[PDB]
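We name chains A, B, ... by the order of the sequence lines, and we start the count at 1 in each one.
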Amino acid sequence: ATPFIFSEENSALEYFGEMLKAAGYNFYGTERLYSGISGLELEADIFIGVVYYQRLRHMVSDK
Amino acid sequence: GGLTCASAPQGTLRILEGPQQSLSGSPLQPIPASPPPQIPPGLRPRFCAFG
(Lines give C-alpha, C1' and ligand atoms only; values in the text may rest on other atoms or scores of the structure.)
Protein backbone atom coordinates (compact mmCIF):
# COMPACT_ATOMS: atom_id res chain seq x y z
CA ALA A 1 0.00 0.00 0.00
CA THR A 2 2.96 2.27 -0.62
CA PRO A 3 1.82 5.55 -2.17
CA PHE A 4 2.54 6.42 -5.80
CA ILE A 5 2.85 2.81 -7.02
CA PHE A 6 -0.52 2.83 -8.82
CA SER A 7 -1.00 5.08 -11.83
CA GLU A 8 -4.21 5.85 -13.69
CA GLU A 9 -3.43 3.20 -16.29
CA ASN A 10 -2.98 0.40 -13.74
CA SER A 11 -5.49 1.52 -11.15
CA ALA A 12 -5.65 0.27 -7.59
CA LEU A 13 -9.32 -0.60 -7.81
CA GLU A 14 -8.75 -2.59 -11.01
CA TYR A 15 -5.94 -4.51 -9.30
CA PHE A 16 -7.78 -5.36 -6.11
CA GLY A 17 -10.96 -6.07 -8.01
CA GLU A 18 -9.12 -8.62 -10.12
CA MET A 19 -7.84 -10.11 -6.87
CA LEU A 20 -11.37 -10.31 -5.46
CA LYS A 21 -12.65 -11.73 -8.75
CA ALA A 22 -9.95 -14.40 -8.58
CA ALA A 23 -11.16 -15.23 -5.08
CA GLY A 24 -14.70 -15.68 -6.34
CA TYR A 25 -16.00 -12.47 -4.82
CA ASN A 26 -17.40 -9.32 -6.30
CA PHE A 27 -15.18 -7.04 -8.35
CA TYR A 28 -16.41 -3.96 -6.48
CA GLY A 29 -16.06 -5.20 -2.93
CA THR A 30 -19.73 -5.58 -2.11
CA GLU A 31 -21.58 -8.61 -0.77
CA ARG A 32 -25.17 -9.76 -0.35
CA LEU A 33 -25.84 -9.02 3.30
CA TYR A 34 -29.04 -9.98 5.05
CA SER A 35 -30.82 -8.25 7.89
CA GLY A 36 -30.28 -9.68 11.32
CA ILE A 37 -33.35 -7.91 12.63
CA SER A 38 -35.66 -8.67 9.72
CA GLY A 39 -34.26 -11.86 8.21
CA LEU A 40 -34.65 -10.44 4.72
CA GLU A 41 -31.92 -9.87 2.21
CA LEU A 42 -31.17 -6.17 2.04
CA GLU A 43 -31.95 -4.66 -1.35
CA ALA A 44 -28.66 -2.79 -1.56
CA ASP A 45 -25.37 -4.53 -2.17
CA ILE A 46 -23.22 -3.71 0.82
CA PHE A 47 -19.53 -2.85 0.61
CA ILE A 48 -17.60 -4.89 3.20
CA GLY A 49 -13.90 -5.55 3.70
CA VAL A 50 -11.05 -5.72 6.21
CA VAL A 51 -9.89 -2.38 7.62
CA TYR A 52 -7.12 -2.11 10.22
CA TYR A 53 -8.45 -0.10 13.16
CA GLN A 54 -6.56 1.77 15.86
CA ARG A 55 -7.76 2.39 19.39
CA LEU A 56 -6.97 5.87 20.60
CA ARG A 57 -6.11 6.58 24.19
CA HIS A 58 -8.96 9.04 24.70
CA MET A 59 -11.47 7.16 26.80
CA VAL A 60 -14.65 8.40 28.45
CA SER A 61 -13.41 7.02 31.79
CA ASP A 62 -10.89 9.88 31.84
CA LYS A 63 -13.33 12.57 30.74
CA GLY B 1 71.12 45.05 -7.43
CA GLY B 2 69.64 48.51 -7.88
CA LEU B 3 66.13 47.03 -8.30
CA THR B 4 64.77 49.51 -10.80
CA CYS B 5 61.15 49.62 -11.88
CA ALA B 6 60.65 47.60 -15.06
CA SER B 7 57.95 48.11 -17.67
CA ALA B 8 54.32 47.05 -17.63
CA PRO B 9 53.62 43.41 -18.56
CA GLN B 10 52.13 42.42 -21.90
CA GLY B 11 49.57 39.89 -20.66
CA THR B 12 48.76 37.03 -18.30
CA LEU B 13 49.19 33.28 -18.46
CA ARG B 14 47.09 31.33 -15.99
CA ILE B 15 47.69 27.63 -15.36
CA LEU B 16 44.95 25.51 -13.80
CA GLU B 17 43.82 21.91 -14.00
CA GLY B 18 41.15 20.98 -16.49
CA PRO B 19 38.49 18.38 -15.70
CA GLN B 20 38.07 15.23 -17.75
CA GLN B 21 34.72 14.87 -19.51
CA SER B 22 35.20 11.62 -21.40
CA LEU B 23 32.94 10.03 -18.77
CA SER B 24 30.15 12.60 -18.54
CA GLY B 25 28.19 13.60 -21.60
CA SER B 26 27.31 9.90 -21.83
CA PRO B 27 23.71 8.68 -21.92
CA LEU B 28 22.19 9.03 -18.47
CA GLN B 29 21.98 6.06 -16.12
CA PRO B 30 18.84 6.52 -14.02
CA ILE B 31 17.57 4.26 -11.26
CA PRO B 32 15.29 1.59 -12.81
CA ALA B 33 11.58 1.96 -12.15
CA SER B 34 10.02 -0.47 -9.72
CA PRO B 35 7.47 -2.72 -11.46
CA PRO B 36 3.76 -2.03 -11.13
CA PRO B 37 1.96 -4.56 -8.93
CA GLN B 38 1.04 -7.62 -10.95
CA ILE B 39 -1.56 -10.19 -9.92
CA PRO B 40 0.01 -13.38 -8.54
CA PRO B 41 -0.39 -16.53 -10.62
CA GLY B 42 -2.27 -19.46 -9.20
CA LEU B 43 -5.12 -17.55 -7.56
CA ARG B 44 -8.13 -19.85 -7.25
CA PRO B 45 -11.51 -19.67 -5.53
CA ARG B 46 -10.75 -21.18 -2.15
CA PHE B 47 -14.08 -20.29 -0.52
CA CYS B 48 -17.07 -22.33 -1.61
CA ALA B 49 -20.49 -21.36 -0.30
CA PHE B 50 -21.96 -23.47 2.47
CA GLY B 51 -24.51 -26.07 1.54
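- Proximity to chain B is absent for every atom of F16(A), based on heavy atoms less than 4.5 angstrom apart.
- Counting heavy-atom neighbours within 6.0 Å of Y28(A) OH, excluding the residue itself, gives a total of 12 or less.
- Counting heavy-atom neighbours within 6.0 Å of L13(A) CG, excluding the residue itself, gives a total of 12 or less.
- Around atom CD1 of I37(A), no more than 12 heavy atoms belonging to other residues, nucleotides or ligands sit under 6.0 Å away.
- The candidate from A22(A), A12(A), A23(A) with the greatest count of non-hydrogen atom pairs under 4.5 Å with chain B is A22(A).
- Taking CE from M19(A) and CG from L43(B), the interatomic distance works out to 5.0 Å, rounded to the nearest 0.5 Å.
- Contact check for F6(A) versus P36(B): no side-chain heavy atoms found under the 4.5 Å cut-off.
- Residues of residues 44-51 of chain B that come closer than 4.5 Å to chain A, counting heavy atoms only, are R44(B), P45(B), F47(B), ordered by residue number.
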